[PDB]
Amino acid sequence: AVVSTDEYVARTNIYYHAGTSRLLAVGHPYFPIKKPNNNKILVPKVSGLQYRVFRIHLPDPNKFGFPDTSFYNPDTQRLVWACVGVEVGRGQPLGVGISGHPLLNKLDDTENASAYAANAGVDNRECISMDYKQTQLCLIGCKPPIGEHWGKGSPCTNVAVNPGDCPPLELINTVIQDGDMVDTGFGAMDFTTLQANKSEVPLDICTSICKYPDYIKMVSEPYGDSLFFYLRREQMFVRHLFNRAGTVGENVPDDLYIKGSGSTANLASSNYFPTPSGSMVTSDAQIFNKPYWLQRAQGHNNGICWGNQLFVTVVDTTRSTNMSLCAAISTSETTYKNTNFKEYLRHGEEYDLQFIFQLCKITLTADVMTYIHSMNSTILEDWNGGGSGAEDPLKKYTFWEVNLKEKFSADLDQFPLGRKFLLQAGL
Amino acid sequence: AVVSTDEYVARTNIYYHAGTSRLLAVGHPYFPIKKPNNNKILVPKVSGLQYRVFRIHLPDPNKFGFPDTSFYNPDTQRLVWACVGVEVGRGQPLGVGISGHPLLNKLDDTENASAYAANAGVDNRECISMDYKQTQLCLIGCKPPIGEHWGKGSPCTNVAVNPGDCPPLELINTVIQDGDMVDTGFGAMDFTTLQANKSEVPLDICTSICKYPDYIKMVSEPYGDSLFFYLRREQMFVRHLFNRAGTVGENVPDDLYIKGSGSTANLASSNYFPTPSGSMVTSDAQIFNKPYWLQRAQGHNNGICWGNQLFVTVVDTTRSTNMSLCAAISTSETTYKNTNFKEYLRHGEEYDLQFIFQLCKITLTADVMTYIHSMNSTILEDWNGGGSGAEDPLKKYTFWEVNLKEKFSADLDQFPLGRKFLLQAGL
Amino acid sequence: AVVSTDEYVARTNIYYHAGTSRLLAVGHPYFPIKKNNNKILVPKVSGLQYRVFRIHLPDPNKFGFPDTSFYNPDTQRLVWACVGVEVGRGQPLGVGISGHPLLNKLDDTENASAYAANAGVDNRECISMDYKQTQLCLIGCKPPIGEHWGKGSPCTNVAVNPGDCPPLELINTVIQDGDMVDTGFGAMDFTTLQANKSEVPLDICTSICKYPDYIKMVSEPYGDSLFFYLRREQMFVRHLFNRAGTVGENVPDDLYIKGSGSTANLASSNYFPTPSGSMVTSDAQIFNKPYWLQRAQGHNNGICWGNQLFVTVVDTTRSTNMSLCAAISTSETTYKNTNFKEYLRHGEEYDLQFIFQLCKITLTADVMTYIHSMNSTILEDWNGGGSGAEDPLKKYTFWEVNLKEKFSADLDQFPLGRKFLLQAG
Amino acid sequence: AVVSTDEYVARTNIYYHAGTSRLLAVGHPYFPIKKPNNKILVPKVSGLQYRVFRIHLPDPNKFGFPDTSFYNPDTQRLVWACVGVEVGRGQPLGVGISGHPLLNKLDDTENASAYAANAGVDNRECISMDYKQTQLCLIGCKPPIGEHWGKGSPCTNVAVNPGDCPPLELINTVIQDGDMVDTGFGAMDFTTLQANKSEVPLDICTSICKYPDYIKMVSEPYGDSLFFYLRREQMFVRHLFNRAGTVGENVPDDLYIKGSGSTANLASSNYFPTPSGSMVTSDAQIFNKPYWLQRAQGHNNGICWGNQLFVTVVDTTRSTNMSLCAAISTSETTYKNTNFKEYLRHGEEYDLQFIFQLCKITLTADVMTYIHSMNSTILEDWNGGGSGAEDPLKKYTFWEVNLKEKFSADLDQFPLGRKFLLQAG
């Protein structure tokens with residue numbers, strides 16, 4: 001049986017504040033810019049519509065050099081940080097960016113038509129943009145955030161799949177990595193492996209996986225390590241109602257309509273797809289630059305940062321404004337020419353993460369050592385024994401790495417989150 | 001006289017948790033895919049605009065295997081489960097799908113017209129899609145939910161019905177079955193039998209019945225079995241304003257208007273129909289992933305699960321994202337050709353049902369046995385007697401069948417709904 | 001180790017009221033009207049500008065109280081603390097509009113039925129737009145600090161071919177009175193990041209759009225720059241457009257399948273959106289309400305060091321621009337466009353009210369040491385009468401507000417003073 | 001110094017209710033109908049007009065009370081104090097619509113697919129708009145004061161050249177009955193600032209749109225003009241247009257790169273938006289609700305000096321115009337545009353209800369001195385009487401409301417009375 005950390009994690013009176021300086025990410029909103037016959041990423045993809053998965057590294061409280069160590073017994077117990085406050089500081093002006101495709105698979109406008117559309121030729125693709133669905137969310141836990149998306153399921157060595165057969169679906173669970181994309185209004189699916197077209201959705205997702213947080217799974221999780229706090233805000237409406245060109249994969253059953261004649265003899269594509277719009281962005285609906293007090297978790301892990309790790313997952317589309325910058329190729333002619341100016345797109349993102357940690361002690365009794373062991377073997381192995389320190393057990397995944405080892409301060413007094421914490425301790 | 005179950009159903013201290021793993025439904029948004037010649041469903045019709053009616057089977061507490069049984073007398077009394085808490089879990093990202101028809105009956109745009117529209121010739125139908133009225137509802141009782149809709153009434157064997165005469169209307173009550181369609185903005189009616197046309201409304205309700213709950217009737221119901229708890233949230237507005245082609249069934253009385261001339265000599269179709277729109281969808285307005293505590297019901301059945309059954313009906317259109325996936329017929333030519341790609345449409349729905357159940361006991365007194373007998377003869381017969389198979393009284397109706405016989409746990413601790421419930425019992 | 005002003009600053013019981021009469025700015029919404037010359041004949045006055053007010057206070061040391069027994073002019077010194085503020089706003093609510101006769105808009109990409117033509121020479125359009133909505137008020141004893149993206153420096157490596165994409169750098173700046181708010185195109189220097197001169201409307205087209213650096217200002221150890229703020233900003237995408245120009249960064253061909261015929265040459269996927277600050281409303285107003293600065297989040301709890309005070313404001317909820325035109329001739333009874341000269345003007349109306357609380361600082365060692373490290377000029381300006389008291393911010397321009405002769409002890413007689421009493425018994 | 005009326009005005013325990021029966025106003029929405037005999041045949045009545053009611057009270061010293069022992073006629077005098085108001089509104093909620101057959105709108109600048117043609121002679125369009133939504137109520141014992149932008153006096157230097165921009169002045173004015181509220185184009189004098197006669201719709205295009213000068217009214221020392229208000233105003237931008245006419249002030253060429261061919265000539269960047277007051281709604285109603293005037297922000301706490309009372313109302317939430325049309329013949333059978341004359345009419349319905357509290361002033365030497373300084377028409381009009389009481393506000397026109405015959409002590413028997421009794425107990 002699993003038990004609340006309140007049971008075997010004793011709470012001390014020591015509080016430390018920790019904060020990143022000011023994180024800045026700048027890039028192209030749709031794709032990485034690289035050299036053509038190089039692989040090196042010259043400019044990264046940085047977009048309002050990516051996950052920011054922050055892997056926070058905390059100083060080992062057992063190796064740490066406290067002014068006074070009489071508050072615990074180093075022979076019988078060990079120390080772990082407990083997260084108690086989080087402030088996700090956000091930087092830029094509020095705003096909405098925008099994403100498109102030069103050759104979006106858009107046949108006609110089905111919202112309203114005055115007469116029956118023409119006939120699909122070869123390549124009816126249009127240059128279309130859309131303002132994606134609005135999403136704010138913050139996931140905190142001591143394990144990486146897990147996501148869900150639809151991808152191509154393994155087939156049945158059965159009825160042989162023929163070229164063009166609708167591929168099978170499967171809900172795939174995955175670790176959400178820094179730089180992965182939020183669902184933007186076309187659900188969470190693997191567009192590379194599910195859309196050979198390469199044109200159903202805009203550039204910034206058309207060969208990416210859009211992932212949704214598996215909140216249901218992460219909360220069912222027995223120990224509740226992957227998330228012991230979250231906020232989520234998401235809104236979307238249908239802005240346009242369009243058609244897809246291409247050939248009919250599955251035909252419309254004739255018991256659903258009366259055969260037409262003349263122009264209506266040939267059924268138009270009924271493979272409709274909508275254009276998302278996440279609406280207005282607003283100060284009052286802001287989830288960030290507010291402190292969250294992680295005092296009572298819904299899970300059995302009450303903000304304990306096992307392995308001196310912390311994970312902070314953030315998606316913010318309320319500051320997704322892209323800026324166009326263009327440089328002139330010649331500052332001579334006093335006449336505008338489109339060929340004189342090279343046009344570019346850039347996006348900046350600005351974070352500042354702040355924390356309050358409560359120091360905690362764990363008497364290493366037989367029962368507890370068993371439980372900790374069952375729960376995660378590595379905890380005991382990394383403490384006193386820890387001759388190793390065990391290499392990164394998630395090296396295959398990538399996160400924005402935040403080092404906080406040299407940023408713990410006992411003077412909460414002197415930081416904005418710190419003051420707030422103490423003020424809220426007026427109780 | 002009918003009395004509250006609180007009078008004759010005794011509450012014990014025992015509480016169990018139970019939960020469907022993770023229920024998952026994938027299919028076509030608009031119609032089932034079957035293998036022509038045959039009729040067997042190859043791909044089922046799965047849509048956000050469907051009712052989900054879950055028939056929850058509980059273990060018989062009299063047949064169940066408790067560690068301690070000294071809490072009741074199995075001679076004088078029997079056991080029943082009571083439903084005390086429910087969490088409907090929902091999974092995909094929030095979003096809005098889209099439905100339509102390749103030959104939807106839409107004459108002119110009547111919302112704004114600069115000259116008198118042309119003349120209805122033969123077949124003026126258009127490829128038109130809409131975004132349906134947003135609905136979230138949750139119904140819980142121990143009997144199936146009951147719907148209402150308009151269908152073709154019976155005529156009264158007098159005046160013959162000329163062909164094309166207007167069919168008579170009758171409000172028809174019905175059991176709401178799993179996979180039934182919700183009202184979508186064209187009201188709750190039988191479009192098969194009321195619209196010979198087959199083109200008045202989009203394919204997914206085109207040959208279906210749209211059913212709305214008969215809240216009035218169910219709450220009027222004397223013992224209060226079919227629903228002891230509900231939540232409803234429906235919204236809709238007029239996106240477009242259209243005309244219907246077809247011939248005038250009932251002419252416009254000429255005392256309402258002054259005869260035209262030339263172009264206006266002939267009355268344009270005044271058979272107006274609007275285009276529904278369920279607006280923006282948003283986190284804040286979610287009915288789901290929140291626990292409902294069924295402590296005090298409005299009816300005389302306070303969450304007693306007679307028959308060891310439990311009915312949970314849900315509509316959730318706030319996740320009606322359909323996803324297009326398309327497969328290349330060839331992987332060769334580096335020129336897009338619409339003939340090279342077969343387009344399809346799929347939809348995915350994710351559920352996860354969680355319950356808290358209180359154990360109860362009924363002393364089989366003379367009066368209790370008379371009362372329960374009148375209420376529902378089957379209750380006593382399925383107790384002690386048991387007697388053979390006890391056939392399904394609802395074999396006609398189809399429900400998403402859910403089995404919770406092995407999912408009961410007395411450790412509420414180990415589950416999220418259980419944790420919430422113990423915490424809620426901090427009163 | 002920084003400490004609350006509560007520690008070393010003693011609150012007296014004396015309160016004063018001070019207010020501007022009614023501040024008024026009138027000008028042209030988009031650009032300054034001038035003469036051969038550089039003489040500004042009519043200023044650029046926009047609801048899309050920061051107003052940054054430099055409020056000057058009477059030296060409480062030099063000030064002349066009826067009673068001077070409440071303190072010892074040998075051991076201690078006097079400072080004004082700000083305890084209440086009302087930023088009065090004057091015109092009707094409404095929304096102005098901005099555009100450019102030659103905006104860089106290629107085509108409408110929100111929806112399209114045929115593949116667009118081909119970019120010729122100059123495809124620019126006369127396009128206007130209603131800007132994102134902003135209300136903010138910032139109060140501190142130091143001027144506000146803003147951020148914007150500018151052209152960074154390039155590293156002495158890869159030579160810069162003309163037309164290369166300029167390097168971005170986040171730049172901190174002092175928000176000056178007359179600076180422009182972000183309008184829906186982010187906070188950036190368009191002058192140096194957009195050689196074009198035609199990516200955004202005339203009024204920010206050769207300007208810096210700055211956004212307050214809240215995170216830096218709050219982080220500031222003493223917290224002098226702002227000890228109170230309110231912000232309200234909202235925006236959505238009204239239109240979805242395309243940029244003419246030539247491609248600076250080609251679309252990677254792994255992201256699409258080549259077209260043909262009309263789709264053989266990619267269209268511009270340099271999309272930009274049009275903003276809309278939506279509806280304006282009384283209920284959402286930030287101004288014409290008192291703000292009581294009793295408990296500051298910073299260590300400076302509203303103390304007005306140097307007898308100064310900065311009130312920074314943006315209010316786009318009154319940005320109505322009004323066209324007044326004049327007949328060249330009054331004879332003809334038939335309308336001729338040539339007969340009327342068309343203009344634009346904008347009016348801004350302010351009325352700033354304050355309640356100040358008298359404060360005293362005993363000049364101990366520890367305190368003089370602390371205050372010295374904090375801002376040496378504070379000790380220098382006191383008793384010694386810091387000679388040649390030269391403005392350390394002469395580089396910057398603010399709206400200079402002189403309340404040295406506007407202090408009244410009768411809070412009874414003013415609206416804010418009346419409010420302050422009631423909210424205090 | 002000014003003091004609150006609570007000091008020298010004493011409260012009795014006597015209350016009277018008073019009400020207008022049902023006030024009705026029917027007219028043409030955009031302009032008054034006369035015979036070309038300026039005797040107005042039908043007046044201009046619109047939801048976009050100020051309603052300024054001058055409420056006349058019975059002199060409580062002349063008034064016949066059943067019991068006079070509550071005060072001493074030798075040493076003291078009587079005034080009514082306003083304690084409760086219901087502004088009842090009668091029509092259904094709805095929105096009107098205004099326009100101009102020849103509105104100066106050149107192109108649609110919200111979105112253009114190619115460069116607009118050229119301004120020839122008269123490109124004016126037939127255009128209507130739904131105005132900004134406004135609810136306000138102003139109560140004081142002096143008439144309300146408004147601000148608007150007018151044509152300022154010129155500076156006696158450079159001769160005004162034909163078509164030179166007129167100078168602006170913010171002008172203060174008594175808001176009269178029938179005046180216009182701002183509707184989206186700000187508060188200005190469209191007659192003296194727009195010689196076009198075509199920038200704004202008919203109903204305001206030769207009128208003044210005034211906005212209440214709240215700031216001035218509250219800053220007023222005695223606070224008579226308004227001792228209570230509710231305002232509620234909202235607006236978004238529905239369309240984005242140009243003005244044709246000629247360039248009064250050229251676009252500085254440091255703001256753009258010269259075009260050619262079609263973009264050789266700059267399109268008018270004299271932008272103006274179309275306003276839209278949005279949906280009107282029950283929930284957001286200011287009227288048919290009672291207002292209890294107990295503690296006024298001002299020093300006049302609802303005392304109705306001079307036995308007068310002013311109630312100002314704007315309500316654009318019932319602006320529905322009704323077109324009513326009549327046939328010339330009556331025989332025929334077949335619709336002919338020429339057979340039916342089309343008109344427009346607007347109806348406004350009001351009902352003013354009031355709770356008044358009797359008060360007493362004791363005329364000590366201090367109080368007479370104070371009241372004499374404040375407004376000694378008060379004193380002259382008391383025991384004096386023969387004053388030849390001529391109206392000091394004859395120039396201004398208001399909706400005259402006579403309540404002298406409408407005072408009843410039986411609060412029980414009126415809706416505002418029961419409402420009042422329930423709340424005080």
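Conventions adopted
Residues numbered from 1 in each chain as written, not as in the entry; some residues may be left out. Chains lettered and ligands numbered in written order. Part of a larger assembly, values for the part shown. Heavy atoms only, no water. Contact = heavy atoms within 4.5 Å. Buried area = accessible area lost by both parts, 1.4 Å probe. Salt bridge = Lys/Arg side-chain N within 4 Å of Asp/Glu carboxyl O. Polar contact = N/O pair within 3.5 Å; in protein donor to acceptor, adjacent residues only side chain to side chain. Nonpolar A, V, L, I, M, F, W, Y, C, P; charged D, E, K, R; others polar. Buried < 20%, exposed > 50% of the residue type's maximum accessible area, 1.4 Å probe, protein only. Helix = DSSP H or I, 4+ residues; strand = E, 2+ residues; numbered from the N terminus. Arc of directions from axis to C-beta. Core = buried A, V, L, I, M, F, W, Y, C linked by side-chain atoms within 4.5 Å.

Deposited coordinates in this entry are attributed by the record to X-ray crystallography, at a stated resolution of 2.80 Å.

So, about the interface of chain B and chain A. Taken together, the contact pairs 74 residues of chain B with 82 residues of chain A. In total, about 6800 Å² of surface goes out of reach between chain B and chain A, with carbon and sulfur atoms giving 56% of it. Among the residues chain B hides against chain A, the three largest losses belong to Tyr-336, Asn-338 and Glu-343 of chain B. Together they make up 11% of the total. Where chain B touches chain A, the interface holds 4 salt bridges. Between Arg-233 of chain A and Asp-284 of chain B there is a salt bridge, with its nearest N and O atoms 3.9 Å apart. Linking chain B to chain A there are 39 residue pairs in polar contact. For the side of chain B that touches chain A, a count of residues per class yields 32 nonpolar, 23 polar and 19 charged.

All names here are of chain A. Taken residue by residue, helix α3 (residues 366-375) has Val-368, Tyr-371, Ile-372 and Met-375 as its buried positions. Relative to the axis of α3, the buried residues are bounded by an arc of 95 degrees and lie together on one face. Structural note: α3 exposes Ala-366 and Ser-374 on the side pointing more than 90 degrees away from its buried face. In this fold, the buried residues of α3 make contact with β21 (341-363) and α4 (378-385).

By size, the foremost hydrophobic cluster in this structure holds 55 residues, and its most contacted members are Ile-55, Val-87, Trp-305, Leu-309, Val-311, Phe-354 and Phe-356 of chain D. Discounting chain neighbours no more than four positions away, the residues touching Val-311 of chain D are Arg-51, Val-52, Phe-53, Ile-55, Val-87, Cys-137, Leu-138, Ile-139 and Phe-354 of chain D.

Turning our eyes to something else, we now look at the interface of chain A and chain C. Each side of the interface is counted separately: chain A has 73 residues, and chain C has 83 residues. Across the interface of chain A and chain C, roughly 6700 Å² is buried in total on both sides, 56% from carbon and sulfur atoms. Looking at the side of chain A facing chain C, the largest losses of area belong to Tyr-336, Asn-338 and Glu-343 of chain A, adding up to 11% of the total buried there. Where chain A packs against chain C, one counts 4 salt bridges. Measuring nitrogen to oxygen at the nearest pair gives 3.5 Å for the salt bridge that ties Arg-232 of chain C to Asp-284 of chain A. The interface formed by chain A and chain C includes 40 residue pairs in polar contact. Broken down by element, the side of chain A that touches chain C gets its largest block of residues, 9 residues, from β21 of chain A.

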